[PDB]
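# Observations on the model geometry
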Amino acid sequence: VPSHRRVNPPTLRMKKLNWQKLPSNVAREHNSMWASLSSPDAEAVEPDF
Amino acid sequence: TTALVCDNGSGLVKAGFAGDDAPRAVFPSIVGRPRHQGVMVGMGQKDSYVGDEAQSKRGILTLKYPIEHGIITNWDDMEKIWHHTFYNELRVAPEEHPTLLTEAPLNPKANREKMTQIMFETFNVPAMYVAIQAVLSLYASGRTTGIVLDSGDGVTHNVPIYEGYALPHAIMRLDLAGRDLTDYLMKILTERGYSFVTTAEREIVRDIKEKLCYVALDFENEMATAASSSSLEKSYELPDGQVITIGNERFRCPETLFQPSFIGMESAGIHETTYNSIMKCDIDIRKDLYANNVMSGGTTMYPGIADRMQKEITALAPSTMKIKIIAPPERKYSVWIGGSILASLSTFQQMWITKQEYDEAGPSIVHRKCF
Ligand SMILES: Nc1ncnc2c1ncn2[C@@H]1O[C@H](COP(=O)(O)OP(=O)(O)O)[C@@H](O)[C@H]1O
Ligand SMILES: [Mg+2]
């Protein structure tokens, strides 16, 4: 379930945080943390956008 | 719209408006923090003095250099340096003026990432540019080709450029420049009984180095002349009124540039660095680099460095072709002058880095754009 990807668009312009983006197939492996975080039963913390 | 040229060197930040000949704001890059206790309440006792204020009140200030060996180590200090050079020195809004900047060769990429992120998030500009210091020095020399020995305060790097192509493999770097000469001058002044241990005293010894030191044309003859006669002794007045007199230390201190075994480095002098840079080039283009030995940086301000440099290369290189040293009088600011040349060009409008390019491609388009 793509809970973290469901981000509303904001109306203003934002400073871009720099990192190195992982590939989607690498993050969605069975023993990665990101697939376990992709579960709907995971504790989704909502940030104040 | 006038651009801004601001060489953020290791030694002194040199900034001013583009299209001009001289930088308006030359000031050393130090952040001074008070080490003692304040008792006098009021009158704007600000906790971190930057630039000329830190130079003037330096007797109660621990001084820190944000740029060490050509690498921006402390970042908040460098942000304070940029804030002082934009808001207090030039007194211009960054959001309405392009800002040219300079950089050392073989730099880390994340350094360029961080400088791009500061120049687009904190100090917002319409456009900016990062260039190699040797390339701008060659541009201010008026020649497209040549080899540049740029010796600043931390880095002495050799860069050969042929027809605008800066050869990457032939670039080398020697970590021996003006601050190391100042530390060695602190070490050898204790033989005469003068002690300089604090960072405030480093500016005094640096001023001694700037005012009195000179490159010997022959080292052993200057040893023989100094040991024989006391004619080359020169006196200097300290800020407290005391007068010292120095002898051979006027030319033992720049001789570290030719003999790094004084401070204990296995590498040879800048001549061997230049020569080994020359053999890394193609054999067709070596002839042009011999006649185009350009210097920049204030560590080349000693008034015996050109003839000694020509002697050292002519000893090193074969004597079949011509050796020539390009040493202009304004090669201290030739980085800034080359930036002012490059900023006001009609072609240079299409190599600017816009905010739209920043928003599309992160702080990472500087790698694929610039060399
Ligand atoms: N007149 C001079 N004579 C000898 N050395 C100088 C002179 N002026 C400056 N220097 C030295 O060269 C350096 C000049 O700084 P510069 O090369 O312009 O930028 P940076 O060294 O900070 O990259 C200073 O650190 C200083 O020690
Ligand atoms: Mg410099």
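Cut-offs used in this document
Residues numbered from 1 in each chain as written, not as in the entry; some residues may be left out. Chains lettered and ligands numbered in written order. Part of a larger assembly, values for the part shown. Heavy atoms only, no water. Domains from an automatic or database assignment. Contact = heavy atoms within 4.5 Å. Buried area = accessible area lost by both parts, 1.4 Å probe. Helix = DSSP H or I, 4+ residues; strand = E, 2+ residues; numbered from the N terminus. 1 Å grid on protein atoms, 1.4 Å probe; cavity = no way out; pocket = protein on both sides within 12 Å on 5 of 7 lines; lining within 4 Å. Points joined across faces, edges and corners; volume = space filled by probe spheres on them. Nonpolar A, V, L, I, M, F, W, Y, C, P; charged D, E, K, R; others polar. Core = buried A, V, L, I, M, F, W, Y, C linked by side-chain atoms within 4.5 Å. Buried < 20%, exposed > 50% of the residue type's maximum accessible area, 1.4 Å probe, protein only. Salt bridge = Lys/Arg side-chain N within 4 Å of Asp/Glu carboxyl O. Polar contact = N/O pair within 3.5 Å; in protein donor to acceptor, adjacent residues only side chain to side chain. Pairing = 2+ DSSP bridges.

Going by the header, the method for this PDB entry is cryo-EM, and the resolution given is 3.37 Å.

### Overview of the domain arrangement of chain B
Interface extent is often summarised as the accessible area lost during association of the parts. Residues and elements named next belong to chain B. On domain assignment, one finds that chain B holds domain 1 (1-27 + 70-134 + 334-370), domain 2 (28-69), domain 3 (135-181 + 271-333) and domain 4 (182-270). Inter-centroid distance (C-alpha atoms) of domain 1 to domain 3 is 24 Å. Across the contact, 23 residues belong to domain 1 and 22 residues belong to domain 3. When the two sides are added together, the surface that domain 1 and domain 3 hide from each other amounts to roughly 1800 Å², 66% of it contributed by carbon and sulfur. By the criterion of area lost to domain 3, the three top residues of domain 1 are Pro-105, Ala-134 and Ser-334, representing 34% of everything that side buries. Counting only elements with at least two residues in the side of domain 1 that touches domain 3, the list comes to strand 9 (99-103), strand 10 (128-132), helix 4 (133-140) and helix 12 (334-343). Sort the elements by how many residues they give to the side of domain 1 that touches domain 3 and helix 12 lands first, with eight residues.

### What to know about empty space enclosed by the protein
Over the atoms a probe the size of a water molecule is rolled, and this reveals where empty space is left. All names here are of chain B. Considering all chains together, one arrives at one cavity of 30 Å³ or more under this definition. The computed volume of the largest cavity comes to approximately 50 Å³. Around the largest cavity, the lining residues are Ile-147, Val-148, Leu-149, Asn-158, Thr-274, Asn-293, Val-294, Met-295, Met-309, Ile-313 and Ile-325. When residues of the lining of the largest cavity are traced back to their parent elements, those giving at least two are strand 11 (146-151), strand 17 (293-296) and helix 11 (305-316). Class assignment for the residues of the lining of the largest cavity results in eight nonpolar, three polar and no charged.

### Topic: the nonpolar core
All names here are of chain B. Membership of the largest hydrophobic core comes to 46 residues, with the highest contact counts inside it found for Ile-72, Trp-82, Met-119, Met-128 and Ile-353. Among the elements that take part in this core, helix 2 (residues 76-90) stands out by supplying five residues, more than any other. Setting aside chain neighbours within four positions, we find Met-119 in contact with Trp-82, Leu-101, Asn-124, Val-125 and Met-128.

### Description of the interface of chain B and chain A
Between chain B and chain A, the residue contacts involve six residues of the former and four residues of the latter. Taken as a group, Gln-117, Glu-121 and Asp-359 of chain B account for 62% of the area that chain B buries against chain A, more than any other trio of residues on that side. Across the chain B-chain A interface, the total number found is one salt bridge. Among the salt bridges present, the one from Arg-13 of chain A reaches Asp-359 of chain B, with a minimum N-O distance of 2.9 Å. For the interface between chain B and chain A, the tally reads two residue pairs in polar contact. Listing elements by their share of the side of chain B that touches chain A, those giving two or more residues are helix 3 (109-122) and helix 13 (355-361) of chain B. Of the residues forming the side of chain B that touches chain A, the biggest block, three residues, is contributed by helix 3 of chain B. Here the residues of the side of chain B that touches chain A sort into one nonpolar, one polar and four charged.

### Brief notes about the sheet that holds strand 4 (residues 31-34) of chain B
Strand pairing in a sheet is mediated by backbone hydrogen bonds. Such pairs are either parallel or antiparallel. All names here are of chain B. Judged by pairing direction, the sheet is antiparallel, and its three strands sit side by side in the order 5-4-6 without closing on themselves. Edge positions in the open sheet fall to strand 5 (49-50) and strand 6 (61-64), since each of these has one partner strand only. The pairing of strand 4 with strand 5 spans two bridges and is antiparallel. Opposite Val-31, over in strand 5, you have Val-50 as the bridge partner.

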